[PDB]
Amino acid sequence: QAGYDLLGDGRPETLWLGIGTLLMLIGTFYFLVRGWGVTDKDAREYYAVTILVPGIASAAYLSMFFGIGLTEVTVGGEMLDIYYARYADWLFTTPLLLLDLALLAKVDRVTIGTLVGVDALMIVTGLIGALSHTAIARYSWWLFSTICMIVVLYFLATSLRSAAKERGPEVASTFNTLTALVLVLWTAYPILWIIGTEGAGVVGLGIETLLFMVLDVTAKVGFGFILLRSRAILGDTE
């Protein structure tokens, strides 16, 4: 795989996991330090939610870097590497990102429950796809998981967007900027999975790990930088 076997254990993808670990850790500490001076009760909630996103991802990347939670899955005569920590990371961090958006839009708890429930289902069925032993099963789960993602993104772009507009231009402009980023960046994840080792196998584990790392840092640290710079986080939350 494209990369460099940093720990001398046969895994060139640790170069990218290590860089990912460091960027997530720096993002976490930067948010933490800037949050210590925040006193507004609403801004403190956004900070609390948002620091945990790269913070949890830091733990997951450190675990992958050291090889904890790595195993192999046999599909016919090939053996695919599966890092479990990647899916546990996304299981926790994607609801937290969705919670940031839902706080900005100020939508009700049943809407939030639907959004995070479909999101959880997306991650779980992706994991089932990653562990499945026939190509037909792996592509079928991927398709179902992708449908779940489309549902989540549809709700953001319609119901939450409409709610956010009623909160005024600072909230609506921040919501719209973050949602523009999410609609593009989250969609990149199923594309990479199906062209990478889990799917068609055009891209190998090295390039795949590099690109997931770039997506992850952007989706977590980049997202948080745009959010936490905005005056919208001072507005009332429920």
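One rule holds for the numbers: they count along the sequence shown, beginning at 1.
Enquirer: Quick one: say whether 35-43 or 202-210 has the higher mean Cα B-factor in the deposited entry.
Expert: Taking the mean C-alpha B-factor of 35-43 and of 202-210, the larger value falls to 35-43.
Enquirer: Quick one: say whether 193-201 or 165-173 has the higher mean Cα B-factor in the deposited entry.
Expert: Averaged over C-alpha atoms, the B-factors run higher in 165-173.
Enquirer: Take the CA temperature factors straight from the PDB entry and tell me which of 94, 125, 159, 146 peaks.
Expert: Comparing C-alpha B-factors across 94, 125, 159, 146, the maximum falls on 159.
Enquirer: At the C-alpha atoms, which of 119, 89, 100, 72 reaches the highest B-factor in this entry?
Expert: 72 has the highest C-alpha B-factor of those listed.
Enquirer: Please say which third, lowest, middle or highest, residue 220 falls into when its CA temperature factor is compared across its chain.
Expert: Middle third.
Enquirer: State the tercile, meaning the lowest, middle or highest third, of residue 51 with respect to the CA B-factors recorded for its chain.
Expert: Middle third, going by the recorded CA B-factors of the chain.
Enquirer: In terms of the CA temperature factor given in the entry, to which third of its chain does residue 25 belong: lowest, middle or highest?
Expert: Answer is lowest: the recorded C-alpha B-factor places it there.
Enquirer: Compare the C-alpha B factor of residue 151 with those of the other modelled residues in its chain, then answer lowest, middle or highest third.
Expert: Lowest third - that is where residue 151 ends up once the chain's C-alpha B-factors are sorted.
Enquirer: Could you place residue 228 in the lowest, middle or highest third of its chain by Cα temperature factor, using the values in the record?
Expert: For residue 228, the deposited C-alpha B-factor lands in the highest third.
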